[PDB]
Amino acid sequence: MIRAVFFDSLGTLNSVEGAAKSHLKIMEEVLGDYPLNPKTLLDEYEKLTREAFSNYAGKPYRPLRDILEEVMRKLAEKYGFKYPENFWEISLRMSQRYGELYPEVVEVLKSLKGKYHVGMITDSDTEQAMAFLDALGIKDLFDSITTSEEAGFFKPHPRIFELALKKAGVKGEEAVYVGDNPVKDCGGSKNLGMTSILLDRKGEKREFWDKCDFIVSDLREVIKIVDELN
């Protein structure tokens, strides 16, 4: 019996498009009048951050603020502009003003809460996860918010999932996890017997469909699956 439904953050609740728009305005405010194409700075920022997150996958937690400030200090020295000491604050402000939820998030979160435990499991520092849920107005729709900072390990380490299930007081077999990253999400949640639901909004992850238990393009399909199984 499924009694809990857990969600990832980026790509599941808040749109990658909104994050890309926010990230661009972040690099813009960092550069100001500096003669560096903010688009080139962003592409290089995403390349370095992808490499960093890959090195830390499944490993002990390190503050994301430190990891990202390290990347931007390297980019500042590379291109010659002043490292903004308030980079973290700028990222928070812009993320909150231009971040947006997918059109069906609130509807889905409401239909689930009350019937099942509704939780989030995210690779991010707890401060930023809470501030972003608040800026998007959906913090009160979750019964639990579980972060790599709390568990001490990044996904797909099982501890972050273990902690989520413990907060809800359910077994893995009684829980669903929804996300768009086949390895960190389906693989990490499958270790505990959770039902994995892959979210492929644009149908770009067909090569990983055969490993996750279910695949959906819209979160409104999650409620259907939970009913089919119960």
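Numbering starts at 1 and runs along the sequence shown.
Exercise for the section: Mind pulling up the entry and telling me whether 142-150 or 95-103 has the higher mean Cα temperature factor? Expected result: Mean B over CA atoms: larger for 95-103.
Exercise for the section: Mind pulling up the entry and telling me whether 37-45 or 198-206 has the higher mean Cα temperature factor? Expected result: Comparing averages over the C-alpha atoms only gives 198-206.
Practice task
Determine which member of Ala135, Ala129, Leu112, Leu75 has the highest CA B-factor, using the values in the deposited entry.
Solution key: Of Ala135, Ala129, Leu112, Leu75, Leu112 has the highest C-alpha B-factor.
Practice task
Would you mind ranking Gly119 by its C-alpha B-factor against the rest of the chain and naming the third, lowest, middle or highest?
Solution key: For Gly119, whose C-alpha B-factor we compare with every modelled residue in the chain, the answer is the middle third.
Exercise for the section: Ordered by C-alpha B-factor within the chain, which third holds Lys166? Give me lowest, middle or highest, please. Expected result: Lowest third - that is where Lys166 ends up once the chain's C-alpha B-factors are sorted.
Exercise for the section: Classify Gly80 as lowest, middle or highest third according to the C-alpha B-factor given in the PDB entry, relative to its own chain. Expected result: Its C-alpha B-factor belongs to the middle third of this chain's values.
Exercise for the section: Select lowest, middle or highest to describe the third in which the CA B-factor of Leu13 falls within its chain in this entry. Expected result: Ranked within chain, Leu13 CA B lands in the lowest tercile.
Exercise for the section: Sort the modelled residues of this chain by their C-alpha B factor and say whether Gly187 lands in the lowest, middle or highest third. Expected result: According to the entry, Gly187 has a C-alpha B-factor in the chain's highest third.
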